[PDB]
Structures are given as C-alpha cells and as structure tokens.
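Here we start with a single chain on its own, the form solved without this ligand, put down as structure tokens.
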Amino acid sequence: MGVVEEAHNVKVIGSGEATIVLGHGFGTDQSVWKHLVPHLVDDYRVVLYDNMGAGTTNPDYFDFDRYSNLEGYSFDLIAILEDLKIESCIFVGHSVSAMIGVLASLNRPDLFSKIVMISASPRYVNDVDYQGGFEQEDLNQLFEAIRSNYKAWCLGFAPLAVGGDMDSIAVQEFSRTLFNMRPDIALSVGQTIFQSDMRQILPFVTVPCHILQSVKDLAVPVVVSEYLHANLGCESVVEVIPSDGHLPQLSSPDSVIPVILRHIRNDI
C-alpha cells in the first residue's frame, strides 16, 4: 500500500469527498476509536492510522530526533493525507493528536475543515499563572517509574488514566497497549509530550476547533478546555462531558459517542 501507509497501519473505510481522519493518543492505537467508527462509515470516508512509536508500529522506524517534538508527528499526518490524496478532512484528535493536528493545520490549514479535540491539552506543567494538572516533581517521579519497571508502571497507570472500574475491559485494553510500546520509546515519548508547550501557537490557529473532554480526566483539568477556548485564534466551542477518563470514547461510549458525533456532524 506504500511504505508510509504500511508503517502507520493506515486503514481507509469508504469512499467519497467527505472524509474524517482519526488520530490517537499516547499509549493506545487506532483501536481507541472502535465505538466511534461504526457511526461514521455510512456518511464519511474514514481514515485510521497509528502514531509512530505505538506498539503496533515497527520500533526500527522510531527516529528519536524526528519525534523529539510534536512537529515530527505533524509531518507524518500531512504525509498520510497527501499519500491518500485527501484535499480536505475533519480531523478528530485524541489527547496528543489534538495538538499534532493543530500543528499540522498551521502548516497546511487547507487540509482541515474542522478539528475535533478529545482530552486535549497544550501544556501539562503548572506555572504560577497556568494550571495544567502536574507539577514538575510529579512528572519526574513518573519518568523514574517508567525507567525502573515499565510493566509495573503500566499496571498502576492504566486504571488511573482510563478511570472507572479498575477491572473494566477498557482498563485491560489500555494496560495491554501501554505495555506494547518498547520501554525506551514510551519513556522518550512520555517526556516529549508531558514537557510540550503549545500555548504560544494557539493564537495562530485558523481552523475551527471543537474542544471535548471528560469532566474527570487525570491529565486534563477542566480549566484547560477553557484555556484552549480563550486563546485559540479560530472559532471554537467547548463541551465538557459527564464522563470519567482520558480515553472516554473507549471506556464510556454510551455517554461520550453521541457528543463526539454532534460535534463532527454540526458546525459552529
């Protein structure tokens, strides 16, 4: 199918102009969309892909310099869109993919008609005038746990990230995909994402954004949604969902999928 499409496990379901591209967050893969895709395929051409470094990708292709900032991932996204000859899409970005889509839209705004963000944050680290949810010391302890015993870290982190019942199928799934990453890649990518800062480029975004999140999200205080809405230079709307978890489209589909669908199907 071509090296880029093989390397990112690209799947295309359907045909036609109206196209939706779905990008996943850290520690999971395109399977995170399993409860959303069934409701899209009758009305849209649906494109799924995996971020390089996901456990479903070949670690030999993980270039630590290319992926030392989010720009490397945004170049991959543009490459996939171009390889598929997509002239315009709705982009649904989960977690880090929301910012990867934003960055891609700075370089090629023509390729995106809308960005729908789920569990997005432009900055996780707190400062005296900004609540991101984490103090640097707690990120440091997280990285040390990853380095010291990756499996043990995965088992303890997955229930916290997913929320809900610690024995749920979604917790089991995310524990598996987390541990599917190569431990050195997980550590490097975790540092790159948790230390990122996208706040300063938000005024330059022009593609309209829909900002969705669980009301209880381990890595995204609700004030972050309001920050994105206040500082994005594009038209935007916020909807906080009465759900728990950072992967709510996987773990609470009954309450979460209808919200995502409304924001995909309706413009601001």
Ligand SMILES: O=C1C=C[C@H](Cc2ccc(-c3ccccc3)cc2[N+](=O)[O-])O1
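Under this definition, the rigid core comprises the largest set of C-alpha atoms superposing within 1.5 Å between the forms. Heads up: residue numbers just count along the shown sequence, starting at 1.
Core-fitted comparison in 8 other deposited structures of this protein shows that, between 256-264 and 8-16, the CA atoms farther from the shown form belong to 8-16. According to the PDB record, 158-166 carries the higher mean C-alpha B-factor of the two stretches 158-166 and 100-108.
In this entry, 53-61 shows the higher mean Cα temperature factor of the pair 214-222 and 53-61.
For the set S196, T177, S88, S121, the maximum C-alpha B-factor listed in the entry falls on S88. Within the selection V125, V92, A79, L142, the deposited Cα B-factor values reach their highest point at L142.
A152: CA B factor lies in the highest third for its chain, per the PDB record. In the deposited entry, the Cα temperature factor of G23 sits in the bottom third of values across the chain's modelled residues.
Per the deposited record, the Cα B-factor of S68 falls in the highest third when ranked against the other modelled residues of its chain. For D29, the recorded CA B-factor ranks within the lowest third of the chain. Only modelled residues enter the ranking. When the modelled residues of the chain are ordered by C-alpha B-factor, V189 sits in the middle third.
Keep in mind that the form deposited with this ligand bound is not shown, yet the notes after this line are about it.
Comment: this ligand is not present in this chain, but in the entry with it bound one of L103, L111, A186, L84 has a heavy atom within 4.5 Å of it, namely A186. A single residue from the set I90, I80, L178, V171 has any heavy atom within 4.5 angstroms of this ligand in the entry with it bound; that residue is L178. Proximity of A219 to this ligand in the entry with it bound: non-hydrogen atoms within 4.5 Å are present. Mapping the unseen interface onto this chain, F26 counts among the residues with a heavy atom inside 4.5 Å of this ligand in the entry with it bound. A residue is said to contact a partner when one of its heavy atoms sits within 4.5 Å of a partner heavy atom; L142 meets this definition for this ligand in the entry with it bound.
In the entry with it bound, this ligand sits within 4.5 Å of a heavy atom of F134. Each of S95, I146 and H246 places at least one heavy atom within 4.5 Å of this ligand in the entry with it bound. Contacts with this ligand in the entry with it bound, taken as any heavy atom within 4.5 Å, map within 97-125 to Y124 alone.
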